[PDB]
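Coming up, as structure tokens: structure 1 and structure 2, two forms of one and the same protein chain.
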Structure 1
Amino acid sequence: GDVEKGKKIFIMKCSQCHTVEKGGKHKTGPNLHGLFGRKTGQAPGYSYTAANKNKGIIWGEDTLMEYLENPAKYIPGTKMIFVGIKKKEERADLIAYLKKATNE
């Protein structure tokens, strides 16, 4: 994969709620440093909600791929609400941009 494009994807779609760097802060979501090979729900200092902890799954390329591919199946209600809030704002911003750009 192209890490430079992946960086832009991460900024746009995740960085509002997650940091990746060693010792980076917990925000809406947990810091993700050390994620690869860690069991779900094991970021130190982050208060997970009921669903995430009870998996027994190890994060890696393949589990991330399945996670991202059908998030609704696996994300808990809390994150679903936060994500839906961000997606509603993104839609309104996109439509705002389109009504400007396509009529300029």
Structure 2
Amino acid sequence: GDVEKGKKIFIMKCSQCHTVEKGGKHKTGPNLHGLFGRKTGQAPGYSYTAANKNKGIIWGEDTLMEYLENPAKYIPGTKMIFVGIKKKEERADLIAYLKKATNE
């Protein structure tokens, strides 16, 4: 994925509710640092829905590709109220950005 395009997508579509950096604040949604390889619903200090806590899968490229296409379809009961990103290439770019930013 194209990390520079992904950053712009993150800013436009996600930053209102999320931070990615180490020690970043929680906002409407949880800080996303350390996301990859973690089970759903595990950011310290954030109050998740039971649905997000119980989904029970590991975040990675594939599971994010599916989640970000339609969040509430993947996690029914989620409080993340966001339509999703329809185009596969846009999801791949965003995910490439997340994979970098949430791990440095």
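Residues that one form lacks are left out of the comparison. Residue numbering: sequential along structure 1, first residue numbered 1. Superpose the two forms; the largest set of C-alphas matching within 1.5 Å is the rigid core.
No residue in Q42, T78, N31, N52 other than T78 shows a CA shift of 2 angstroms or more between structures 1 and 2 after fitting the rigid core.
Remark: with the core as the superposition reference, the CA shift of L94 between structures 1 and 2 reaches 2 Å or more. In the core-aligned comparison between structures 1 and 2, the Cα atom of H18 sits 0.4 Å away from its counterpart.
Comparing between structures 1 and 2 on a rigid core frame, one finds that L68 has its C-alpha moved by 1.2 Å.
For residues common to both forms, superposing the rigid core between structures 1 and 2 reveals consecutive runs of 3 or more with all Cα shifts of 2 angstroms or more at 70-72, 74-104.
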